[PDB]
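[1] Give me a model of this one.
(7 chains, ligands or ions: 3)
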Amino acid sequence: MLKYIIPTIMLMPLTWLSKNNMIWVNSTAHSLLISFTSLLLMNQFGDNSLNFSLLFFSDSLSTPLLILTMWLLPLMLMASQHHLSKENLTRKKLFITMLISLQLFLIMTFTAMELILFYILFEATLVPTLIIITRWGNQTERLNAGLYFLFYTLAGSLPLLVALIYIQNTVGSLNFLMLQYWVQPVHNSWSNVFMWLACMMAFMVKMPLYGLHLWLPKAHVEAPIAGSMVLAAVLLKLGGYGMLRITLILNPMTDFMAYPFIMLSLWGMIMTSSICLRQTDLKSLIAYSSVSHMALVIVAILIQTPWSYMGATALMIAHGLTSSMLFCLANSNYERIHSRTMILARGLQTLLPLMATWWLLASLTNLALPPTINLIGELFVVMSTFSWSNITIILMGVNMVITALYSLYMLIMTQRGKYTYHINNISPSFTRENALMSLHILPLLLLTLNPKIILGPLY
Amino acid sequence: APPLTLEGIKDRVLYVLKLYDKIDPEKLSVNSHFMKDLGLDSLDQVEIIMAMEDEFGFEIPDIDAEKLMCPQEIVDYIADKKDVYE
Amino acid sequence: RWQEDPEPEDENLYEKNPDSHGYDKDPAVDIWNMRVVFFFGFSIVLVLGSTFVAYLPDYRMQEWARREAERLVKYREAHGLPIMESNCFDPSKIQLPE
Amino acid sequence: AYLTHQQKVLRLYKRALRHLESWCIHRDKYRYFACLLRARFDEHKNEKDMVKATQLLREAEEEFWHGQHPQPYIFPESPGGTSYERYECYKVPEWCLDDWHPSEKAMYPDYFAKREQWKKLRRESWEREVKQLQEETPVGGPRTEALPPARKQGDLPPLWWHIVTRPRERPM
Amino acid sequence: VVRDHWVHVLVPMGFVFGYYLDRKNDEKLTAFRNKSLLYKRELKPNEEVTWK
Amino acid sequence: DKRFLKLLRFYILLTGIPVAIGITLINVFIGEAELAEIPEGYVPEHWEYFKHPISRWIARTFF
Amino acid sequence: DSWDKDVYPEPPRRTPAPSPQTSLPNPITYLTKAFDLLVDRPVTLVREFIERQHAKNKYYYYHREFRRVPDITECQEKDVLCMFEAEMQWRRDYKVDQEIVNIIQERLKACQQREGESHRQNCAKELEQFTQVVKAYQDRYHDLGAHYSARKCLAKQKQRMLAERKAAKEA
Ligand SMILES: CCCCCCCCCCCCO[C@@H]1O[C@H](CO)[C@@H](O[C@H]2O[C@H](CO)[C@@H](O)[C@H](O)[C@H]2O)[C@H](O)[C@H]1O
Ligand SMILES: CCCCCCCCCCCCO[C@@H]1O[C@H](CO)[C@@H](O[C@H]2O[C@H](CO)[C@@H](O)[C@H](O)[C@H]2O)[C@H](O)[C@H]1O
Ligand SMILES: CCCCCCCCCCCCO[C@@H]1O[C@H](CO)[C@@H](O[C@H]2O[C@H](CO)[C@@H](O)[C@H](O)[C@H]2O)[C@H](O)[C@H]1O
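    Numbering: from 1, shown residues only, chains lettered A, B, ... in the order given. Ligands and ions are numbered 1, 2, ... in the order given. Structure as follows:
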């Protein structure tokens, strides 16, 4: 992985040694070049994962997440450089450094072969993320949002640290390849019930699981746009990726420990979808949309079927691009009217016709219009949960209906109707804003032509 | 639809009033007040507005309608709503 | 209260630069920023990356598995053997308990 | 209700005729029944007792509710009509033209030359319009939404821009 | 080398350097080169190692 | 809006057309490999197990 | 031809010879002649040109041969080096068996379309073959879960072998 780790680090010298007026051009261009080379990770085999060294390996699960992560860095740079224009030069370079360091921790997190190396990097992403939210957020509440984000995560992570170290003691290793062959079954006992909880609660909080999700709408509403992009696109998927790996050693206890969390997700997804119908804040609506989508991922990981794992892998990638696009779309409105109130600026399709096309495409992927990968992921999950229990189609069906209602409600309220009279600073969409939107939707729609590369190890 | 003109609107407003049996077509003029000059009441004025709505195919709200008290006022109201400027 | 700077007005990048791409206030930097995003983003990553992905060699050996299965079905049907046996492992190599 | 008694009766008369028209459809039949309906209003036209007159209004409204057409006729461009707000998607505020690219403005040199005079006329008049509203408004703010006319020559009626320059009812 | 374009070699060199280091790691993991049951064979007349 | 879509098309086609032409010339004049039996005593290189020349090039050059 | 007729069998074709009972000209006959003249001939020549260039650059690719290694039954407990090879072999066979079921499914679906309204009786062999192979595939691989392995497959077989033994004991 050094062909990706090292050039990612070299982005830091590049940013700091760039001319004062070229920090965005240089960092954006060279982070796109790194994104290009990440496609070499798709040298995947039918039987064996791609194991580079004792430290790093890349299978079909981590490969698409790595490519999503490295694609997101250039997009985040494009999305931030407007609202950071008045920033002090050094504080602009420190902002970019926080994003580069986040990418560094992320690509190492997704390829760590040892679970305790995964834990440290998994935890290391907190610091740059927290600093972005609290230093470069705009509102007073960004400070409270930082604390909720920090302490929700740590409340779960610290038990996970104890469980992993206990697992290394008893099994002798935490290398994920070794665990595949040395895994022993988990037999019922209160001791194992809490080993199971410690291994899964840290990841449940990151997804987040319904009930434990309150940190997420706070963080999104306060984060800067680049922070919201990485939060929704990648950092949520650290929970999913971690769960997909650790469940290997939790069998067969996962048979009955899953029930309380499937119930929370199946019911929680209807509850958070319905919350979206009455949200007044556009960013908060998108945040609650992520909770509903990630509920499906939690259910799919817990029912442990080949179809559900394929569906979860596609959902994580599809959600990553769609939710990131939606936050970017809402941000472009915010940079004009400087409010997140959804009902404030209406009828924008009249004033920004092409940006209204992006709003349409983003909404269609969010409601999972076939054959988007949003629909492929969501459909595969629904097929597998139906076999788990037929009655789940009722809850899946209702969520699909409510998901369409709030997706098109967001489209209709902001883009259609009459424009707000007194709002007269809706300038024409910039090239930067249109290119940012297209760099989200075009790769998302292109992946429909070749969806096998985002279906994960069980394809 | 053929465009309207100020002269065209006036002609049809007067035309309708000349077919109302309670007005004297010779004594009618664009500036005739429906009560002070033509000696109609308000029940009659509601009917006149009702007939103007039927003539031009659009509704005048009662708040606006009760103020149109001579044919010229109706001609002005219609022209403003239809963006007639000549 | 205190001695504080008032909230500055909103700068419309189009006022000074009607051809602004929204990247930079400097028109020359603004053009270069647009060029690298479009060339490296669309012309390279999206166009070449899409072409690279389309021609990936037998991603996860799905084609070989189909060719191999054809070989096995041809052989087994000719020799009268079952297309597929219920037992994955040879039962002679297994020692059941009891 | 801020409507006087006279306004309520006149409003009820109009509304009753329109719902009567929906029932009758045919113009000759409507004319026959509109005259009988008018005769009923003329019957109590001179009722000088407000208490009885108000009582007559209550029963009249009660009768209208029972007899109203469930699907009355609506003028197409009237609220609730089949063409209400049909053209709002084409009405674009005039301030959108300040953002046009110069190459777009060069296509209409004469239109944008005139537009500048209006914008010039708007800046020059604004201060006097705010002043006129300051001098005519009693302490404690206005009590009605009525606005004054201009009192001098060269003055424009205060708050005129968004009435004068509003989009055409059939813009595109 | 220019005064405007020397910072543009950092990331490309980092990739080349990382690529080089990645291949050196494979030199430490040759304990089973040509020894696995699945792929063990005889060397060709000129070959010295099945992979490097 | 028009300017962005013209720029978007130009930069897609800037490489798209040469790639589409380059692919056509590859398919026509180089063509695909033919399936064959592994000759006795012959050990094919890892990239000789793929048909399309571009797939063969990708496996040889990067993988 | 292009594929193997044994793996993908097609019953021999039987086409009734035209028996026109009408004086009218048949529209399909002339459109067919136009299609051959206007479409088939130019398309055929363009292909023959391309087939000439390929013949001047003939090169080959091969189907990989995988030697057989000891399966998971022969591996010592927690011996990763032997487990790894048996595990990888089992994974390769799992993919191949998936494509075997796809081939048998493809035969079944081709028969259903080919036979038309008679498919119910004329695709009994294909249905029977499909039913048997799906039973074998289900026994090998069904209910193993997302984290399937050669070990879980073996444990499932042993459990099945035990049940068959006990019923046989009841006989
Ligand atoms: C979000 C929170 C989710 C909470 C989910 C709760 C799951 C509850 C699981 C209860 C079953 C625990 O597992 C159970 O534990 C006891 C440990 O004493 C084991 O039993 C053991 O202790 C009991 C004492 O109670 C003895 O009678 C028994 O002889 C001994 O073997 C059982 O063999 C095991 O079946
Ligand atoms: C394989 C790796 C490839 C890496 C590719 C990286 C692409 C980066 C593209 C940026 C190119 C910009 O190159 C640019 O050239 C001119 C002339 O030297 C420099 O100097 C220029 O500065 C300003 C721009 O603000 C100009 O108005 C002025 O005419 C000129 O002096 C710029 O400072 C430099 O930024
Ligand atoms: C325009 C889109 C570009 C996408 C990026 C792909 C760039 C590479 C495209 C061409 C790759 C080279 O294409 C190459 O053609 C030759 C044909 O001789 C093949 O080579 C084959 O034939 C040659 C004879 O010429 C012999 O050495 C031998 O039989 C065999 O190696 C290669 O297997 C193939 O890789």
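[2] Which of the three states applies to the residue in chain E positioned nearest to chain B?
    Nearest residue of chain E to chain B (CB to the nearest CB) works out as residue E:4 at 58.8 Å. C-beta: built from backbone N, CA, C; applies to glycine. Using DSSP: H, G, I helix; E, B strand; the rest coil, the structure places residue E:4 in coil.
[3] ok, it - how many residues close by?
    8 (other CB atoms under 10 Å in any protein chain shown).
[4] what sits against the closest residue in space to residue G:147 that isn't next to it in sequence?
    Spatially, and ignoring its direct neighbours in sequence, residue G:147 is nearest to residue A:248 (5.1 Å; CB to CB, 6 or more residues apart in numbering or on different chains). If a contact means CB atoms under 8 Å, 6 or more residues apart in numbering or on different chains, then residue A:248 has A:176, A:179-180, A:183, G:147 as its contacts.
[5] Nearest to ligand 1 among those residues?
    residue A:183 (20.1 Å; CB to the nearest ligand atom).
[6] Not counting sequence-adjacent ones, nearest residue to that closest one?
    residue A:249 (5.2 Å).
[7] Would you confirm that the one you found contacts residue A:168?
    No. If you go by CB atoms under 8 Å, residue A:249 and residue A:168 don't touch, sitting 11.4 Å apart.
[8] So between the two, which is more surrounded?
    With neighbours defined as other CB under 10 Å, residue A:249 and residue A:168 compare such that residue A:249 has more, 24 against 15.
[9] Doesn't the more buried one lie inside a helix?
    Yes. Assessed by three-state DSSP, residue A:249 belongs to a helix.
[10] For the residue of chain E found nearest chain G, which residues are in contact?
    Residue nearest to chain G within chain E (CB to the nearest CB): residue E:37, separated by 4.4 Å. Contact analysis of residue E:37 by CB under 8 Å, 6+ apart lists G:67, G:69-70, G:85.
[11] Now for the closest residue to chain B within the stretch 151-300 of chain A: which residues touch it?
    Scanning the stretch 151-300 of chain A for the residue nearest chain B gives residue A:280, at 32.5 Å (criterion: CB to the nearest CB). Contacts were defined as CB under 8 Å, 6+ apart; by that measure residue A:280 touches A:341-343.
[12] which helices and strands does the longest helix along chain C pack with?
    Ranked by residue count and defined by DSSP state H, the top helix of chain C is helix C:62-78. Applying 3 or more CB pairs under 8 Å, 6 or more residues apart in numbering or on different chains; DSSP states H and E, one finds that helix C:62-78 contacts helix G:80-115.
[13] Next, the buried residues of the next helix-or-strand element following the helix it packs on.
    Next helix or strand after helix G:80-115 toward the C-terminus (DSSP states H and E): helix G:119-122. Buried residues in helix G:119-122, defined by neighbour count with 16 or more other CB atoms under 10 Å in any protein chain shown: residue G:119.
[14] if I look at the closest residue to the residue of chain E closest to chain B other than its chain neighbours, how far off is chain B?
    In space, and not counting its chain neighbours, residue E:4 is closest to residue A:19: 7.5 Å by CB to CB, 6+ apart. Distance of residue A:19 to chain B, given as CB to the nearest CB, to the nearest Å: 56 Å.
[15] Just the element for residue A:19, please.
    Going by DSSP H and E, residue A:19 is not part of any helix or strand.
[16] Distance check, it against residue G:168.
    In this view, residue A:19 and residue G:168 are 84 Å apart by CB to CB, to the nearest Å.
[17] More neighbours: those two, which one.
    residue A:19 (12 against 8).
[18] tell me the phi and psi of the more buried one?
    phi -60, psi 150 (degrees, to the nearest 10).
[19] that older thread, distance between the longest helix of chain C and the chain's centre?
    30 Å (CA atoms, centre = their mean, to the nearest Å).
[20] Let's verify the closest residue in space to residue A:339 that isn't next to it in sequence: helix, strand, or coil?
    Once flanking residues are discounted, residue A:339 sits nearest to residue A:345: 7.9 Å by CB to CB, 6+ apart. Three-state call for residue A:345 (three-state DSSP): coil.
[21] and if you look at residue A:349?
    Assignment for residue A:349 (three-state DSSP): coil.
[22] which ones are touching residue C:91?
    Contacts of residue C:91 (CB under 8 Å, 6+ apart): residue G:161.
[23] residues near the residue nearest to residue A:160 when sequence neighbours are not counted, how many?
    Spatial nearest neighbour of residue A:160, chain neighbours left out: residue A:202 (3.9 Å); criterion: CB to CB, 6+ apart. For residue A:202, the count of nearby residues is 28 (other CB under 10 Å).
[24] Most proximal residue of chain C with respect to chain A?
    residue C:22 (2.6 Å).
[25] In chain F, mark out all the helices, start to finish.
    So, for chain F - with DSSP H - the helices run F:2-25, F:53-62.
[26] Of these, which is nearest residue A:109?
    helix F:53-62 (24.3 Å; CB to CB).
[27] what's the closest one packed up against?
    Helix F:53-62 packs on no helix or strand, going by 3+ CB pairs under 8 Å, 6+ apart.
[28] Pick out the residue closest to the middle of chain D.
    The structure's chain D has its C-alpha centroid closest to residue D:78; by CA atoms, centre = their mean the separation is 10.9 Å.
[29] Where does it sit: helix, strand or coil?
    Residue D:78 - assigned by three-state DSSP - is coil.
[30] how many neighbours does the nearest residue to it once chain neighbours are set aside have?
    Excluding the flanking residues, the one nearest residue D:78 by CB to CB, 6+ apart is residue B:59, at 4.4 Å. Residue B:59: 22 surrounding residues under other CB under 10 Å.
[31] Name all residues that make contact with residue B:59.
    B:53, D:75, D:77-78.
[32] In three-state terms, label it for me.
    coil.
[33] and the gap between the residue nearest to residue A:183 and chain C?
    24 Å.
[34] Relative to residue F:6, how far out is that residue?
    With CB to CB as the criterion, residue A:249 and residue F:6 are 55 Å apart.
[35] tally of neighbours for the residue in chain B that ligand 1 sits nearest to?
    In chain B, no residue comes nearer to ligand 1 than residue B:61, which is 61.9 Å away by CB to the nearest ligand atom. Number of residues near residue B:61 (other CB under 10 Å) recorded here: 10.
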